[PDB]
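One chain comes next, on its own, written as structure tokens: the form deposited in one PDB entry.
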């Protein structure tokens, strides 16, 4: 097990291209199994038979470099354990909350998460640190071939892979990128980009996906069109949009430095001073300050602090990890004290060494 102890696995702690702004790359493949009804129509037995179908096939069959697969059943996990998986981005909020027969199939390296009995019978999702959409598609395609050797996909040649929700009919592909855009939010150029992004077929979402708000200036950029295009082209289209979004973030940072100057240096250090010394902090402010301190490390204002630890605090300060860190359920008053105590401790360590 021990998927619950670390916030960012060794796989995901690797430095990737454009890791200063692009946190990770995700590629989702949606599939349904023949002779079972869809997740939107199907009885409790078809749910547990699908989980039984996957459990039989993949428990005693490792994945090489990825490692052996462990089957996690939502019914057998505790509410913190579910929230810790959502907060580590392993499973969706839909699976942890609204899917009692849901399951998850995790590789040891935690780069592969296969969601069972969610919106689709199968949600194959690969995760790569930094911007690596092309690499994530080969691994997803390679895994997709590997899985359909042991199960039979419900596919119509004209229709394509059958899906419960109209939004992902056809190839069943959602490719997304998670990006930190503090400068585009501060310059308010994010109110222009978002609607422009929607016009090209891309969708802008929160840190935990649809229904999520943007925590700490971290947004999810994913394609919405799922028809009339190959997987390779839609991944190529998302990449170029992300390349433009990277350039706009990096240029807006120079505009902020040239315009604000010492005031921007004052903004990031004040946020540092709060996080390093506060005794009570809420989820909203902690995200804003951690975003500011991350901005300060990228620009060179803040020294002796790694940006990885800040990537790790965004997760460790979420309700799931905090309770686990505390060891037991926490009340809303208690979480603001624990959250601030956690952040001081991790920063105290950085200064010493």
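Only the largest set of C-alpha atoms that superpose within 1.5 Å between the two forms is called the rigid core. Residue numbers count along the first chain shown, from 1.
One more form of this protein, deposited in another entry, exists but is not displayed; see below.
With the core held fixed, residue 330 shows a CA shift of 2 Å or greater between this form and the one not shown. Annotation: Cα of residue 237 displaced by less than 2 Å between this form and the one not shown, core superposition. Residue 161 is not among the residues whose C-alpha shifts by 2 Å or more between this form and the one not shown once the rigid core is aligned; its shift stays under 2 Å. Compared with the form shown here, the Cα atoms of residue 46 and residue 146 sit 3 Å or more closer together in that other deposited form. Relative to this conformation, an increase of 3 Å or more in the Cα-Cα distance between residue 15 and residue 320 is found in that other deposited form.
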